[PDB]
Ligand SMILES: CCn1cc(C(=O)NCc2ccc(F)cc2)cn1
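First comes one chain, alone, set out as structure tokens in the form deposited without the ligand.
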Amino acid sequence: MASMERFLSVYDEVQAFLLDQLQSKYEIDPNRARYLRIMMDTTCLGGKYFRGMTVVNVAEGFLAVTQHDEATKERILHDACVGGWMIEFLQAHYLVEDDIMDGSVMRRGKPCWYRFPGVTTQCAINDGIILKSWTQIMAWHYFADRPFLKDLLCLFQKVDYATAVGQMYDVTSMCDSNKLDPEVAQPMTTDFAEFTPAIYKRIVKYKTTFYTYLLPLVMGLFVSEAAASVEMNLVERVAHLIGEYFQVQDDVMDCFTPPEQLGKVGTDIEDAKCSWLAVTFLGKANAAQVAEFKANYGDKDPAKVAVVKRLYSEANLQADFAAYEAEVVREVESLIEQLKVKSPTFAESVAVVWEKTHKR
């Protein structure tokens, strides 16, 4: 893919620009520049670039139906790559800080960044702050004169806040709301009353859907000067729908995918997370199954984790998943049909985003 190859060559360019700027305006020395280059590569590279490439694909979709000089086609594609890298770097930030907050061990088959011997939490928290700063430095440099700059920066910032709010909802999901209090150590829920579909939907919506689907799609529109060409209410509803399904998939894999291909251990059970698997289990369990779940969930002991996994296999949650999948397919196709009214090209870009999500 030449799309991919354009994306990646823009990474080398953006990294040279940020490092050269540190030398030339921030008095950095070469060994610290080298540590930051390594940091950038280790935290930003290695994934699928799904989010970044979504900006590129959305841009390419408009480029095929819009008259432009060559030099304009190139600038828009450049802008789409840079925008995509903003989003990858924002994600990198989230992952460095999250792995620290959660005491995670591995990420994509390597140690989490804060566990590199010469890093440590002391430097890794800061490194994660710098990752997000770089998304701004990028925007101001590459987009200084762009008519979309204000709207892109404003959306970026809203998406970032929504994600941070989401992470809060996530990490406090195993506590009873009425017991949240900075003055009192948070005890795990015993009733699991807040393990419902609506609550789960709130966590996922804020925690991942803004930055994983909304941001890439709208960004593709901005760089293409095409926002006024779509119904924004639909982009939102489709981004939140496809974003939820995406997270449901990760939740199932956390439990059932082998660590080898997960790249991680998977500790949602021990961590007592409000996962789709738990919420769906409690939505179908009989009384005795609920009691057994409660005696076993949220505990590091591998025998108790096997009891939960066994309850999930026996509740047949692969059927509730095929059913949730079938409903999402229906609603996604419906939203794409609505998006054809004002833009058949954007609609088709959304179909490709969905198709790439549905396969995994």
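Residue numbers run from 1 along the displayed sequence.
From this point on, the text means the form solved in complex with the ligand, which you will not see here.
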Original post:
Does the 4.5 Å heavy atom contact test between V248 and the ligand in the entry with it bound come out positive?
Top reply: yes
**OP:** Look up in the entry with it bound whether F143 has a non-hydrogen atom within 4.5 angstroms of the ligand, and give yes or no.
**Re:** no
Subject >> Contact of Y200 with the ligand in the entry with it bound (heavy atom, 4.5 Å) >> reply: yes
Original post:
Heavy atom to heavy atom, is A323 within 4.5 Å of the ligand in the entry with it bound?
Top reply: yes
**OP:** For the stretch 238 to 277, return the residues whose heavy atoms include at least one within 4.5 Å of the ligand in the entry with it bound, in the order they occur.
**Re:** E244, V248, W276
